[PDB]
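Novice: Okay, so here is data.pdb, and as you'll see once you scroll down, it has PDB, C-alpha atoms.
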```pdb
ATOM      1  CA  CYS A   1       0.515  16.846  -3.881  1.00  0.00           C
ATOM      2  CA  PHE A   2       0.931  17.058  -7.693  1.00  0.00           C
ATOM      3  CA  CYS A   3       1.849  13.313  -7.870  1.00  0.00           C
ATOM      4  CA  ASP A   4       1.930  13.594 -11.747  1.00  0.00           C
ATOM      5  CA  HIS A   5       5.326  15.384 -11.263  1.00  0.00           C
ATOM      6  CA  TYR A   6       6.857  11.872 -10.896  1.00  0.00           C
ATOM      7  CA  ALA A   7       7.854   9.368 -13.582  1.00  0.00           C
ATOM      8  CA  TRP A   8       5.626   7.634 -16.179  1.00  0.00           C
ATOM      9  CA  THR A   9       7.848   4.500 -16.124  1.00  0.00           C
ATOM     10  CA  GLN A  10       7.026   1.551 -18.428  1.00  0.00           C
ATOM     11  CA  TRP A  11       5.373  -1.523 -16.861  1.00  0.00           C
ATOM     12  CA  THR A  12       7.803  -4.290 -15.747  1.00  0.00           C
ATOM     13  CA  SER A  13       8.121  -7.425 -17.983  1.00  0.00           C
ATOM     14  CA  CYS A  14       5.116  -9.645 -17.274  1.00  0.00           C
ATOM     15  CA  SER A  15       5.916 -11.750 -14.151  1.00  0.00           C
ATOM     16  CA  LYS A  16       4.327 -14.981 -15.465  1.00  0.00           C
ATOM     17  CA  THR A  17       4.754 -14.988 -19.257  1.00  0.00           C
ATOM     18  CA  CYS A  18       1.394 -16.602 -20.190  1.00  0.00           C
ATOM     19  CA  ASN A  19      -0.819 -17.391 -17.106  1.00  0.00           C
ATOM     20  CA  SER A  20      -2.605 -15.137 -14.529  1.00  0.00           C
ATOM     21  CA  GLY A  21       0.458 -12.825 -14.591  1.00  0.00           C
ATOM     22  CA  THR A  22       1.187  -9.338 -13.211  1.00  0.00           C
ATOM     23  CA  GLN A  23       3.217  -6.207 -13.982  1.00  0.00           C
ATOM     24  CA  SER A  24       4.137  -3.123 -11.964  1.00  0.00           C
ATOM     25  CA  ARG A  25       5.606   0.388 -12.284  1.00  0.00           C
ATOM     26  CA  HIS A  26       6.875   3.001  -9.768  1.00  0.00           C
ATOM     27  CA  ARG A  27       7.262   6.796  -9.587  1.00  0.00           C
ATOM     28  CA  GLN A  28      11.134   6.974  -9.496  1.00  0.00           C
ATOM     29  CA  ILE A  29      10.587   8.883  -6.221  1.00  0.00           C
ATOM     30  CA  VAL A  30      13.219  11.555  -5.509  1.00  0.00           C
ATOM     31  CA  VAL A  31      12.537  13.340  -2.187  1.00  0.00           C
ATOM     32  CA  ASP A  32      12.764  17.166  -2.037  1.00  0.00           C
ATOM     33  CA  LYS A  33      11.489  20.024   0.237  1.00  0.00           C
ATOM     34  CA  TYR A  34       8.437  20.057  -2.097  1.00  0.00           C
ATOM     35  CA  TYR A  35       7.780  16.309  -1.440  1.00  0.00           C
ATOM     36  CA  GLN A  36       8.212  16.721   2.342  1.00  0.00           C
ATOM     37  CA  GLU A  37       5.911  19.780   2.687  1.00  0.00           C
ATOM     38  CA  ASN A  38       3.165  19.205   0.109  1.00  0.00           C
ATOM     39  CA  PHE A  39       1.820  15.911   1.615  1.00  0.00           C
ATOM     40  CA  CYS A  40       3.328  13.759  -1.191  1.00  0.00           C
ATOM     41  CA  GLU A  41       4.513  10.968   1.158  1.00  0.00           C
ATOM     42  CA  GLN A  42       0.919  10.824   2.526  1.00  0.00           C
ATOM     43  CA  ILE A  43      -1.258  10.969  -0.650  1.00  0.00           C
ATOM     44  CA  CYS A  44       0.872   9.633  -3.587  1.00  0.00           C
ATOM     45  CA  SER A  45       0.972   5.877  -4.385  1.00  0.00           C
ATOM     46  CA  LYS A  46       4.690   4.975  -4.894  1.00  0.00           C
ATOM     47  CA  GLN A  47       4.146   1.860  -7.085  1.00  0.00           C
ATOM     48  CA  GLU A  48       1.224   0.557  -9.218  1.00  0.00           C
ATOM     49  CA  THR A  49       0.658  -3.227  -9.781  1.00  0.00           C
TER      50      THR A  49
ATOM     51  CA  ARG B 436      10.641 -11.910 -40.454  1.00  0.00           C
ATOM     52  CA  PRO B 437       7.965 -10.765 -37.983  1.00  0.00           C
ATOM     53  CA  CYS B 438       6.319  -7.324 -37.823  1.00  0.00           C
ATOM     54  CA  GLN B 439       7.213  -5.384 -34.617  1.00  0.00           C
ATOM     55  CA  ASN B 440       4.594  -4.190 -32.088  1.00  0.00           C
ATOM     56  CA  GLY B 441       2.325  -7.272 -32.212  1.00  0.00           C
ATOM     57  CA  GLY B 442       1.405  -6.841 -35.911  1.00  0.00           C
ATOM     58  CA  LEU B 443       0.693 -10.096 -37.788  1.00  0.00           C
ATOM     59  CA  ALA B 444       2.317 -10.698 -41.180  1.00  0.00           C
ATOM     60  CA  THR B 445       0.562 -12.019 -44.305  1.00  0.00           C
ATOM     61  CA  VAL B 446       1.913 -13.103 -47.721  1.00  0.00           C
ATOM     62  CA  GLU B 447       1.032 -10.998 -50.712  1.00  0.00           C
ATOM     63  CA  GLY B 448       1.926 -13.016 -53.879  1.00  0.00           C
ATOM     64  CA  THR B 449       5.745 -13.503 -53.558  1.00  0.00           C
ATOM     65  CA  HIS B 450       5.827 -10.661 -50.915  1.00  0.00           C
ATOM     66  CA  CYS B 451       5.123  -9.790 -47.192  1.00  0.00           C
ATOM     67  CA  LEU B 452       2.656  -7.266 -45.686  1.00  0.00           C
ATOM     68  CA  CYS B 453       1.772  -6.397 -42.054  1.00  0.00           C
ATOM     69  CA  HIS B 454      -1.598  -6.174 -40.293  1.00  0.00           C
ATOM     70  CA  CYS B 455      -0.301  -3.550 -37.799  1.00  0.00           C
ATOM     71  CA  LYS B 456      -1.959  -2.811 -34.398  1.00  0.00           C
ATOM     72  CA  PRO B 457      -3.738   0.588 -34.093  1.00  0.00           C
ATOM     73  CA  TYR B 458      -1.831   3.858 -34.701  1.00  0.00           C
ATOM     74  CA  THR B 459       1.503   1.970 -34.947  1.00  0.00           C
ATOM     75  CA  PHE B 460       2.538   2.028 -38.613  1.00  0.00           C
ATOM     76  CA  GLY B 461       5.092   1.508 -41.443  1.00  0.00           C
ATOM     77  CA  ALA B 462       6.003  -1.708 -43.326  1.00  0.00           C
ATOM     78  CA  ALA B 463       7.509  -3.455 -40.231  1.00  0.00           C
ATOM     79  CA  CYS B 464       5.082  -1.610 -37.838  1.00  0.00           C
ATOM     80  CA  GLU B 465       8.113   0.238 -36.259  1.00  0.00           C
ATOM     81  CA  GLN B 466       6.745   3.843 -36.155  1.00  0.00           C
ATOM     82  CA  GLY B 467       4.102   5.430 -33.824  1.00  0.00           C
ATOM     83  CA  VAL B 468       2.482   4.220 -30.542  1.00  0.00           C
ATOM     84  CA  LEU B 469       0.025   1.435 -29.631  1.00  0.00           C
ATOM     85  CA  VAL B 470      -3.439   1.968 -28.037  1.00  0.00           C
ATOM     86  CA  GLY B 471      -5.222  -0.226 -25.438  1.00  0.00           C
ATOM     87  CA  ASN B 472      -3.664  -2.642 -22.884  1.00  0.00           C
ATOM     88  CA  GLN B 473      -0.075  -3.865 -23.611  1.00  0.00           C
ATOM     89  CA  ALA B 474       1.916  -6.855 -22.193  1.00  0.00           C
ATOM     90  CA  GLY B 475       5.459  -5.508 -22.981  1.00  0.00           C
ATOM     91  CA  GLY B 476       8.458  -7.450 -24.389  1.00  0.00           C
ATOM     92  CA  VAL B 477       8.184  -9.483 -27.649  1.00  0.00           C
ATOM     93  CA  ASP B 478       6.030 -12.625 -27.858  1.00  0.00           C
ATOM     94  CA  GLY B 479       7.772 -15.397 -29.862  1.00  0.00           C
ATOM     95  CA  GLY B 480       6.976 -16.445 -33.465  1.00  0.00           C
ATOM     96  CA  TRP B 481       8.028 -19.260 -35.817  1.00  0.00           C
ATOM     97  CA  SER B 482      10.204 -19.298 -38.948  1.00  0.00           C
ATOM     98  CA  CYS B 483       9.026 -21.825 -41.619  1.00  0.00           C
TER      99      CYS B 483
ATOM    100  CA  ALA C 340      10.910  35.224 -21.053  1.00  0.00           C
ATOM    101  CA  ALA C 341       7.838  33.066 -21.717  1.00  0.00           C
ATOM    102  CA  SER C 342       7.164  29.912 -23.760  1.00  0.00           C
ATOM    103  CA  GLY C 343       3.970  27.913 -24.313  1.00  0.00           C
ATOM    104  CA  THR C 344       3.001  24.818 -26.359  1.00  0.00           C
ATOM    105  CA  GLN C 345      -0.117  22.714 -27.027  1.00  0.00           C
ATOM    106  CA  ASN C 346      -0.918  19.480 -28.860  1.00  0.00           C
ATOM    107  CA  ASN C 347      -4.092  17.560 -29.562  1.00  0.00           C
ATOM    108  CA  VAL C 348      -4.915  14.457 -31.530  1.00  0.00           C
ATOM    109  CA  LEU C 349      -8.183  12.729 -32.071  1.00  0.00           C
ATOM    110  CA  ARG C 350      -8.545   9.550 -34.134  1.00  0.00           C
ATOM    111  CA  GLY C 351     -11.815   7.676 -34.499  1.00  0.00           C
ATOM    112  CA  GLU C 352     -12.498   4.661 -36.685  1.00  0.00           C
ATOM    113  CA  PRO C 353     -16.063   3.254 -36.895  1.00  0.00           C
ATOM    114  CA  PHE C 354     -16.235   0.010 -38.876  1.00  0.00           C
ATOM    115  CA  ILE C 355     -19.370  -1.819 -39.949  1.00  0.00           C
ATOM    116  CA  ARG C 356     -20.328  -5.077 -41.592  1.00  0.00           C
ATOM    117  CA  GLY C 357     -23.871  -5.736 -42.569  1.00  0.00           C
ATOM    118  CA  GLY C 358     -26.442  -2.908 -42.748  1.00  0.00           C
ATOM    119  CA  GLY C 359     -28.383  -1.174 -45.508  1.00  0.00           C
ATOM    120  CA  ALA C 360     -26.084   1.006 -47.610  1.00  0.00           C
ATOM    121  CA  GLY C 361     -27.478   4.347 -46.315  1.00  0.00           C
ATOM    122  CA  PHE C 362     -27.892   3.237 -42.694  1.00  0.00           C
ATOM    123  CA  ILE C 363     -24.231   2.055 -42.745  1.00  0.00           C
ATOM    124  CA  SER C 364     -22.994   5.509 -43.843  1.00  0.00           C
ATOM    125  CA  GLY C 365     -25.435   7.048 -41.323  1.00  0.00           C
ATOM    126  CA  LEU C 366     -24.208   5.101 -38.241  1.00  0.00           C
ATOM    127  CA  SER C 367     -20.555   5.294 -39.243  1.00  0.00           C
ATOM    128  CA  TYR C 368     -20.642   9.104 -39.579  1.00  0.00           C
ATOM    129  CA  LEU C 369     -18.552   9.908 -36.452  1.00  0.00           C
ATOM    130  CA  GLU C 370     -19.996  12.310 -33.848  1.00  0.00           C
ATOM    131  CA  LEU C 371     -17.406  14.424 -31.980  1.00  0.00           C
ATOM    132  CA  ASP C 372     -20.232  15.042 -29.445  1.00  0.00           C
ATOM    133  CA  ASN C 373     -21.129  11.297 -29.162  1.00  0.00           C
ATOM    134  CA  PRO C 374     -18.255   9.039 -30.359  1.00  0.00           C
ATOM    135  CA  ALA C 375     -19.998   5.697 -29.797  1.00  0.00           C
ATOM    136  CA  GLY C 376     -23.048   6.601 -31.944  1.00  0.00           C
ATOM    137  CA  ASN C 377     -26.379   8.472 -31.988  1.00  0.00           C
ATOM    138  CA  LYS C 378     -28.784   5.910 -30.509  1.00  0.00           C
ATOM    139  CA  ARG C 379     -31.515   6.254 -33.189  1.00  0.00           C
ATOM    140  CA  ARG C 380     -29.029   5.992 -36.137  1.00  0.00           C
ATOM    141  CA  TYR C 381     -27.458   2.968 -34.386  1.00  0.00           C
ATOM    142  CA  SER C 382     -30.937   1.375 -33.879  1.00  0.00           C
ATOM    143  CA  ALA C 383     -31.691   2.067 -37.568  1.00  0.00           C
ATOM    144  CA  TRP C 384     -28.403   0.381 -38.585  1.00  0.00           C
ATOM    145  CA  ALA C 385     -29.350  -2.521 -36.301  1.00  0.00           C
ATOM    146  CA  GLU C 386     -32.661  -2.692 -38.253  1.00  0.00           C
ATOM    147  CA  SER C 387     -31.146  -2.404 -41.743  1.00  0.00           C
TER     148      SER C 387
ATOM    149  CA  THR D 393      34.610  63.038  13.318  1.00  0.00           C
ATOM    150  CA  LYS D 394      33.950  59.824  11.280  1.00  0.00           C
ATOM    151  CA  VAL D 395      30.645  57.793  11.101  1.00  0.00           C
ATOM    152  CA  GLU D 396      29.497  54.808   8.949  1.00  0.00           C
ATOM    153  CA  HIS D 397      26.181  52.849   8.920  1.00  0.00           C
ATOM    154  CA  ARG D 398      25.467  49.721   6.752  1.00  0.00           C
ATOM    155  CA  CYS D 399      22.890  46.901   6.311  1.00  0.00           C
ATOM    156  CA  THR D 400      21.934  43.892   4.116  1.00  0.00           C
ATOM    157  CA  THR D 401      18.459  42.293   3.761  1.00  0.00           C
ATOM    158  CA  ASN D 402      17.186  39.144   1.979  1.00  0.00           C
ATOM    159  CA  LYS D 403      13.749  37.631   1.157  1.00  0.00           C
ATOM    160  CA  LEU D 404      12.335  34.489  -0.517  1.00  0.00           C
ATOM    161  CA  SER D 405       8.863  33.164  -1.443  1.00  0.00           C
ATOM    162  CA  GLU D 406       7.172  30.218  -3.224  1.00  0.00           C
ATOM    163  CA  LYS D 407       3.664  29.056  -4.281  1.00  0.00           C
ATOM    164  CA  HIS D 408       2.368  25.791  -5.816  1.00  0.00           C
ATOM    165  CA  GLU D 409      -1.000  24.516  -7.081  1.00  0.00           C
ATOM    166  CA  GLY D 410      -1.929  21.070  -8.405  1.00  0.00           C
ATOM    167  CA  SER D 411      -4.860  19.123  -9.837  1.00  0.00           C
ATOM    168  CA  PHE D 412      -5.464  15.682 -11.391  1.00  0.00           C
ATOM    169  CA  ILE D 413      -8.546  13.574 -12.170  1.00  0.00           C
ATOM    170  CA  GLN D 414      -9.021  10.130 -13.719  1.00  0.00           C
ATOM    171  CA  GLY D 415     -12.072   8.211 -14.827  1.00  0.00           C
ATOM    172  CA  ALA D 416     -12.731   4.831 -16.316  1.00  0.00           C
ATOM    173  CA  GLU D 417     -15.940   3.198 -17.439  1.00  0.00           C
ATOM    174  CA  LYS D 418     -16.684  -0.213 -18.815  1.00  0.00           C
ATOM    175  CA  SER D 419     -19.912  -1.597 -20.070  1.00  0.00           C
ATOM    176  CA  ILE D 420     -20.545  -5.156 -21.184  1.00  0.00           C
ATOM    177  CA  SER D 421     -23.931  -6.318 -22.303  1.00  0.00           C
ATOM    178  CA  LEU D 422     -25.384  -9.334 -24.001  1.00  0.00           C
ATOM    179  CA  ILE D 423     -28.811  -9.192 -25.562  1.00  0.00           C
ATOM    180  CA  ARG D 424     -30.376 -12.417 -26.784  1.00  0.00           C
ATOM    181  CA  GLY D 425     -33.728 -12.214 -28.529  1.00  0.00           C
ATOM    182  CA  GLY D 426     -35.294  -9.005 -29.976  1.00  0.00           C
ATOM    183  CA  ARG D 427     -35.739  -7.385 -33.367  1.00  0.00           C
ATOM    184  CA  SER D 428     -32.226  -6.055 -33.987  1.00  0.00           C
ATOM    185  CA  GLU D 429     -33.592  -2.475 -34.212  1.00  0.00           C
ATOM    186  CA  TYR D 430     -34.401  -2.573 -30.454  1.00  0.00           C
ATOM    187  CA  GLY D 431     -31.900  -5.282 -29.555  1.00  0.00           C
ATOM    188  CA  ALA D 432     -29.578  -2.562 -30.867  1.00  0.00           C
ATOM    189  CA  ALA D 433     -31.401   0.081 -28.778  1.00  0.00           C
TER     190      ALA D 433
END
```
Here is the file; what I need is its structure written in the form of structure tokens.

Specialist:
Amino acid sequence: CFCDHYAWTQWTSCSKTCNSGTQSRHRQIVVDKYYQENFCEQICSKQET
Amino acid sequence: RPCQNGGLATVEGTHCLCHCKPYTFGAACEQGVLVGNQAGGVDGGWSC
Amino acid sequence: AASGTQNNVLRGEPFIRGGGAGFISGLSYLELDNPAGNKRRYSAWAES
Amino acid sequence: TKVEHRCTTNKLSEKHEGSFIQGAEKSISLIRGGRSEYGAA
């Protein structure tokens, strides 16, 4: 799959504001015949944390 | 009144200037884009 | 009908404190082919 | 005599190609002792 087709979302507001915190983003995944056939569900990570 | 985009103010004699963060620019640091890791939001800062 | 576009930016910003005046301008002369620094010029700066 | 013959035909095709790569490096090093010519090196 060309997983770079999907969205460069901003990182979510930092979960803990000032200690050992985390943030995440996701691809805004819209499914299409392309996504179904070109192994996108298999190889693309849906959300980064 | 604080610079945007994590820039730190300083007082020129009777005046304010901004130490902007890299490749973000202008007097308030409003224009351009930051480089390196970013935390998002706006960290708080005091008035006098 | 066909359309095509390209963009590139490079910025690089070596900054130095301490060093002999020539070695400083030597090390800080940015290499497109080696952006961190030519190892001998850097070692010479680190001597000066 | 009257005769008439008629047909319709349709076709479709697609192709796709994709590539991406990513790299990251870090180095951290502390030197203590040396002449700073070779402590630099």

Novice: Considering all atoms listed in the file, give me a table of residues in chain D that are at most 12 Å from chain C, with the closest atom pair and distance in Å for each, as CSV.

Specialist:
```
residue,atom,partner,partner_atom,distance
D:426,CA,C:386,CA,10.7
D:427,CA,C:386,CA,7.4
D:428,CA,C:385,CA,5.1
D:429,CA,C:386,CA,4.2
D:430,CA,C:382,CA,6.3
D:431,CA,C:385,CA,7.7
D:432,CA,C:382,CA,5.1
D:433,CA,C:382,CA,5.3
```

Novice: In terms of the shortest atom-to-atom distance over only C-alpha atoms, which of B:463, B:458, B:445, B:474 is closest to chain C?

Specialist: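 Using only C-alpha atoms, the shortest distance to chain C belongs to B:458.
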
Novice: Atom CA of residue 416 of chain D and atom CA of residue 46 of chain A, how far apart in Å?

Specialist: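 We find that atom CA of residue 46 of chain A and atom CA of residue 416 of chain D lie 20.8 Å from each other.
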
Novice: Just want the 12 Å neighbourhood of residue 439 of chain B, counted on only C-alpha atoms, with same-chain residues fewer than 2 positions away dropped. Output as a ChimeraX atom specification.

Specialist: /B:436-437,441-444,453-456,459-469,475-480

Novice: Could you check how far atom CA of residue 353 of chain C sits from atom CA of residue 369 of chain C, in Å to one decimal?

Specialist: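 Computing it gives 7.1 Å between the two atoms.
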
Novice: Provide the atom CA of residue 375 of chain C to atom CA of residue 362 of chain C distance in Å, to one decimal place.

Specialist: 15.3 Å

Novice: Please identify every residue of chain D that has at least one atom no more than 9 Å from any atom of chain A, counting only C-alpha atoms, and report them as a PyMOL selection string.

Specialist: chain D and resi 408-412

Novice: Tell me which of C:372, C:347, C:352, C:341 sits closest to chain B, counting all atoms listed in the file.

Specialist: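 Using all atoms listed in the file, the shortest distance to chain B belongs to C:352.
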
Novice: Could you list, as a PyMOL selection string, the residues of chain C having an atom within 12 Å of chain B when counting only C-alpha atoms?

Specialist: chain C and resi 348-352

Novice: Given the file above and the ChimeraX specification (/B :<8) & /A, which residues are selected, and can you give them as a list in words?

Specialist: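 Checked against the file, the ChimeraX specification (/B :<8) & /A matches residues 11, 12, 13 and 14 of chain A.
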
Novice: Would you compute an axis-aligned box for segment 16-19 of chain A, covering every atom listed for it in the file with 3 Å of margin on each side, and report centre and edge lengths in Å to one decimal as lines of an AutoDock Vina configuration file?

Specialist:
```
center_x = 2.0
center_y = -16.2
center_z = -17.8
size_x = 11.6
size_y = 8.4
size_z = 10.7
```

Novice: Which residues come within 7 Å of segment 15-27 of chain A, counting only C-alpha atoms, excluding same-chain residues fewer than 3 positions away, as a ChimeraX atom specification?

Specialist: /A:6-12,46-49
